[PDB]
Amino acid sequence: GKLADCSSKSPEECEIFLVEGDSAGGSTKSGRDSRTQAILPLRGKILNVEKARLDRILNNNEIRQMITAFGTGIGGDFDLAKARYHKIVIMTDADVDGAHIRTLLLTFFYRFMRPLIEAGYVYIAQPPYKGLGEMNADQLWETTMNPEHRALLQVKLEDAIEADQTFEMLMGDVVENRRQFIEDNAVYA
């Protein structure tokens, strides 16, 4: 679709950055180290794999592009050893709409590519300020993408039972449980 791959073919050192669009993707391609860093810009709010049926999930374009880029497959057919990159970086905007896209991507990773999380290949990038689609190439590289200066947060799965419940509650089709979570945890101040 619009994947800019890293030149190297050794996954142990390669990393793919998932961005929200071409606005973020453009800056990212300029600033990246094209030897070890790939960039996959999606096309915004991705499908919710908790609510959506498998027919639609497998039909989805951004889902298909991610599956192709990783080269692992989904489910039992998923293979960790066939990962094209040993760092899959979620780089969402900054804003609240980014946080949402973050939860949609982690929902997809948990449900269809759980061993990818388990192995510790899934990371969250932290942009320094508003969106990272408004950043220059040099600015974005130094702050977020430079392995010398960056701060990537490794996603870790602790309790499988508790995590199964979390996804079902937040991202599931039953509104009440999600309304309840908001009511219990929201601090308006």
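We call the rigid core whatever largest set of C-alpha positions still superposes within 1.5 Å between the two forms. Note that residue numbering follows the sequence shown and begins at 1.
Averaged as a root mean square over residues and superposed structures in 8 other deposited structures of this protein, CA distances to the shown form are larger in 14-22; the pair compared was 174-182 and 14-22 with a core fit.
Displacement analysis by core superposition in 8 other deposited structures of this protein ranks 37-45 above the other of 63-71 and 37-45 in root-mean-square C-alpha distance from the shown form.
According to the record, the deposited sequence contains no missing residues between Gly120 and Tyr121, so the chain is continuous there.
Stretch comparison (6-14 versus 167-175) by mean CA B-factor in the PDB entry places 6-14 on top. Remark: of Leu80, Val89, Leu106, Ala99, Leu80 shows the highest value [criterion: C-alpha B-factor in the PDB entry].
The maximum CA B-factor among the listed residues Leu42, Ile161, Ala38, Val49, taken from the PDB record, is found at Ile161. Sorting the modelled residues of the chain by their CA temperature factor places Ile182 in the lowest third.
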